[PDB]
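The same protein chain appears twice below, in two forms, each given on its own as structure tokens and labelled structure 1 and structure 2.
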Structure 1
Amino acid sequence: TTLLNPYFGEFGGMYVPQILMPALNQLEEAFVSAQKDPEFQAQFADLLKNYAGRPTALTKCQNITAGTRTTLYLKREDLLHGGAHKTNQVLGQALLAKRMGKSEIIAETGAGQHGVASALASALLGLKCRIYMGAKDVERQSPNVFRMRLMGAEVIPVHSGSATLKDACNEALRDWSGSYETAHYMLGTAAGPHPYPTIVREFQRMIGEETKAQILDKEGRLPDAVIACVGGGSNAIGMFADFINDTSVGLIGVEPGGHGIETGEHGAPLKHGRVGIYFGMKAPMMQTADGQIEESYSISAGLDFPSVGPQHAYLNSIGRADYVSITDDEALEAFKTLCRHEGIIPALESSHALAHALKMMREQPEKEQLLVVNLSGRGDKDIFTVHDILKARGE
């Protein structure tokens, strides 16, 4: 039994070993209590403002939409301390960990932005942090490994499986199942067992709340659509949440298409997977005919995950949100375009969202549309990877 609904339609639930149920129930009770606690809310608000730097800017692009009827704004989560939206909910979860008397933190990371967020919050609030990260990601997102370690976090490379996010998630959960008495599992996305999809949404929803206020101030109306990339679903649900009841506002989520959906080398389970049970949830996943979990692929480590959070699967099912895919090459073009024409170096994850917005504009250049892209992170972590690609393909 739970205080809050663990399901979004068919999707969600608490598919963990029995040993972990009390920890999830404890977390849910602590969240419900904290959400009603003016002191907790004031502490969280103070950190978001004075430590992380909220509210983040909403930037109107004025070169990349020239000659079209698209107006495009970027919600600048790249400006948050740490360099990505991941910092918002880590500050909330760290405060929950302290509220529950935990002294240690376990986290998984792919892009290393959740790892960096977990490490910085742990240094600030006096928690001992260990971070699991796939060995492939340790290489391709190396700047973040250095940042995590300088902040005193233990970073544990995971060589198992695909040596990417799925495998880091597996190791984090294995660890927690033995260490939950002293350690909080700071899950890094709006996925996993209840109550994580709900908590992560509630601790990310300032993204859309601020966006709505800022777009009303600048344009006097709501956006025609908000667009966000989907790795596990946190930045997208953070942007979407405050708009769900504004029926006129399109909600577009962008999954990684990798080398192309037809290659099978992608990370787009919402539109190309099928429902399964893994990582504590019932959700769309990439799986073999026999029900083995498939390895995903994306150029971007933060999107390289074979499932998706259950609230996205639900929003899709009822038609409230639409989901699309963007390939590695489309993302790289959007990355280059933003660098050269707006002077903003976006994370490769965020480049997927931008690539789709650029397609919406280019495909129908006389369509009047007011769009917001959630620029979920900055691309400092990606510059060595992007350099090596653009060199090899001869630019």
Structure 2
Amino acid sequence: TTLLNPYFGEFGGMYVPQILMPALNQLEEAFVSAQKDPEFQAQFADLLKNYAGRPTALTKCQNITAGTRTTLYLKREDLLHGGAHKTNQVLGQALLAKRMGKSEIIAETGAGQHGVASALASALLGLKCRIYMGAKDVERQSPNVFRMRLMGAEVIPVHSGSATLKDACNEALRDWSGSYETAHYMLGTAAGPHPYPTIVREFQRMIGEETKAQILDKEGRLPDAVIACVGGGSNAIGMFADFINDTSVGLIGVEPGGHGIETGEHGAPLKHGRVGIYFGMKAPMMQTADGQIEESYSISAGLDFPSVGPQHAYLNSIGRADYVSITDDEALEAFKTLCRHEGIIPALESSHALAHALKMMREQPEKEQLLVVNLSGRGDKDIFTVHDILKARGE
């Protein structure tokens, strides 16, 4: 039995070993209680404001849109403490852990951003944090690993399977199934088994709430479309949620097209994968014909999740949200454009959302449209990657 519906239409669910159901039911119970508790909400608001720096700016990009009928604003999640939107939901989950009397945090991480986000939230709230990370990822993410350890987190290299994110995802669950009386599993995106897609959305929804207020104040109306990149789906659902019932507002999610959909080397399961059951959920997956889960590919390690949150799958199926892809080269162009024309270095993840907004504008330059791109993070982390490609192309 649950308090909340674990499905979005056909998508979602709680596909975990039986041993983990009490942990999920406990978490759902604690979340439902928290959401009714003004004290919990006041504490969360205090952390978001005084520690993470909410509200975040909404920046107009006149240099980029000059000579067109596009008005473009960036929601500046890149300015949040930690440099990405991940911080919002880790602070909420850390408070939920405290509400449940837990003193330890378990987290999975791929590129490391979630590991760092988990570690900083844990350090602030005095929780003992251990983070599972694929050995391959550990090797390639030296800066993030060092930040985690500086913040007092134990970083545990995973050598099982491919030794990447999906395998880290598995080893975190193994630990939690034994430790859940004292440890909370801090899942990094709006995916996995219920109640995580719901919790993560609600702990990210201030993105969209603030955007709506800010655009009303600046423009006197709702945006024609809000646009976000989709890894597991948290920044996007965070921007979309408060707009779902405003049916005039387009909701556009951008999956990584990698080297191009036709090459198969991408991370766009929602539109180019196949529904499967894995990571605790029924959702579109990157998978072989006989049902083995595949790794995605993107220039951007943070969009390299091989599935997608079930609420995105749902919103697509009912036609409420549209999902598109943007390739490595398109995202790289958007990255360059923002640095040169606005003096903001965006995350390569966020550069996928920007690239699609730039396409909307350029394809139809006399179309009047008010667009918000969720700028999910800043891209200092990406400058070595960008440098390497540009040199290799001779730029």
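The term rigid core refers to the most C-alpha atoms you can superpose between the two forms while keeping them within 1.5 Å. Structure 1's sequence is the ruler for residue numbers, which start at 1.
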Core-superposed comparison between structures 1 and 2, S142 Cα displacement 2 Å or beyond: yes
Residue shift check between structures 1 and 2, rigid core fit, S177 Cα at least 2 Å: yes
Two-part rigid motion between structures 1 and 2 - turning angle of the smaller part, in °: 11
Between structures 1 and 2, C-alpha offset at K381 (rigid core aligned, Å): 1.0
Cα displacement of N63 between structures 1 and 2, once the rigid core is superposed (Å): 0.5
